[PDB]
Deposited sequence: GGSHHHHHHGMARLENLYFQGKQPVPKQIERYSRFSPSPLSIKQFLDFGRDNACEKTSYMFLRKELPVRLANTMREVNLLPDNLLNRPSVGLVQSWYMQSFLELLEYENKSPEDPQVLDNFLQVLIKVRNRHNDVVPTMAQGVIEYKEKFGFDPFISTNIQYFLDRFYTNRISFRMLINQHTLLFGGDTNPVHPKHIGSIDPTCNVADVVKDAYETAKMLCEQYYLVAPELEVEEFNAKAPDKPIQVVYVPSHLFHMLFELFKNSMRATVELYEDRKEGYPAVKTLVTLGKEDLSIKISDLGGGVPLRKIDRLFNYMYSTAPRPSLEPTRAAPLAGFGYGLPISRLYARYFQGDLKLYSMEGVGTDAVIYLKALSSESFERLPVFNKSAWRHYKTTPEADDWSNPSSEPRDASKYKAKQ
């Protein structure tokens, strides 16, 4: 069936905005429409990714785990393609399609850890060079971004048309909250990180939260968003901050500084700044913090090295971002940026085309800019 993969991999993904998800769910909510969209969109997105996994170095492609992921995706793809010529006019089709979505999602439950074992297996068993490293990085950002997106799509359909007349979050629209109170998600993410830090370190910093709604001064800050995505990013930044703070001060007399959260709202951005006095990170190391599996924890709260890049995928997924700035010797600021406007919050999706191909078949190039010798001439004669 590889011709079907070639073809769908050449189709462009159709990025959707939070507005569209919300307008579809609220005002429309036509099961037929969703079905016409998804039966085509899912295979496109899947094929775009598969095409990329096929470009990985053969020694990674060879790991049992990468094979498993491939077959899972292939099985899903084939299962969705059965619907390309089935009429939405028959209710049975609609119903089985729903079951199929549930099925593919369950099958895709293991995917994140299976691919991780994949590349871990590889990194530790085969020697590792930086050409191939930035490539795995590039692949993983894209591969996991699509996973977020399939799950987003499948969740909307099942939550909407699953017919579950007992919904966990009644006033929502699928998994979108039209009035997500940001400080409440901050407090929840914090309490749940605290618990974990307190369990192992026997202590945890206090949270202080502050708000400034430039849009409308005294008003609590709300945004249209997927709460679980916001929760995830915050949770992950808070665990990092708590670890950093607690480790720095366990041998001090000063007592633990708080973790400060500033939430702001402007014409375009909702910004959330998490600040700690946890000692910071030298500039040289800031980029690699975002490498999958870069960790300074015993290989505690930390270990995997997924928290920071995955959180940044959630931020970039809807046109936001996650950036980090440290003052080495004092502490760090971690800032989540979201779009204030749902009309501006479009999915940002990996496209397979020549540009992507090129990333996988790049080759080391000379540096643009100079580098010094590792043993420079002693200018003292």
Query raised in the report: Which runs of the deposited chain sequence never show up in the coordinates?
Result: 1-24, 324-332, 415-419
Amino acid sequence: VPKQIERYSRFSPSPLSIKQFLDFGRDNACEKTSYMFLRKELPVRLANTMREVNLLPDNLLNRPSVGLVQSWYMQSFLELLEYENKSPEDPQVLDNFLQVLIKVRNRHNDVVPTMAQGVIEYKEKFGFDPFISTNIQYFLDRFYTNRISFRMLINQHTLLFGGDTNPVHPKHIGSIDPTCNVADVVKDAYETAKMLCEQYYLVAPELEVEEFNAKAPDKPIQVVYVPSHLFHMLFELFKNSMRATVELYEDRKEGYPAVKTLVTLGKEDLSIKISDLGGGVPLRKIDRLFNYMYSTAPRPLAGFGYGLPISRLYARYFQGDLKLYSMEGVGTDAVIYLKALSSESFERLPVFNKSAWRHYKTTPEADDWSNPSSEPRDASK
From here on, numbers count along this sequence of modelled residues.
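We call the rigid core whatever largest set of C-alpha positions still superposes within 1.5 Å between the two forms.
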Report summary line: 9-17 or 365-373, the stretch lying farther from the shown form in 4 other deposited structures of this protein by root mean square CA distance over structures and residues, after core fitting, is 365-373
Query - Comparing 181-189 and 129-137 where Cα RMS over structures and residues is taken in 4 other deposited structures of this protein (core fit), larger one - result: 129-137
Query raised in the report: Looking at the other compared entries that model residues on both sides of it, is residue 299 unmodelled in at least a third of them?
Result: yes
Report task. Could you check the entry and say whether 33-41 or 311-319 has the higher mean CA B-factor? Result -> 33-41
Report summary line: The stretch carrying the higher mean Cα B factor in the deposited entry, 102-110 or 264-272, is 102-110
Query raised in the report: Out of 204, 286, 94, 244, which one has a C-alpha B factor higher than all the others in the entry?
Result: 94
Query raised in the report: Would the CA B-factor of residue 191 place it in the lowest, middle or highest third of its chain?
Result: middle
Query raised in the report: Of the three thirds of its chain by CA temperature factor, lowest, middle or highest, which one includes residue 143?
Result: lowest
Report task. Taking the values exactly as deposited, rank residue 116 by C-alpha B-factor within its chain and report the matching third: lowest, middle or highest. Result -> middle
Report summary line: residue 238: CA B-factor among chain residues, third -> lowest
**Report entry** Chain-wide C-alpha B factor ranking for residue 57, given as lowest, middle or highest third
**Finding:** middle
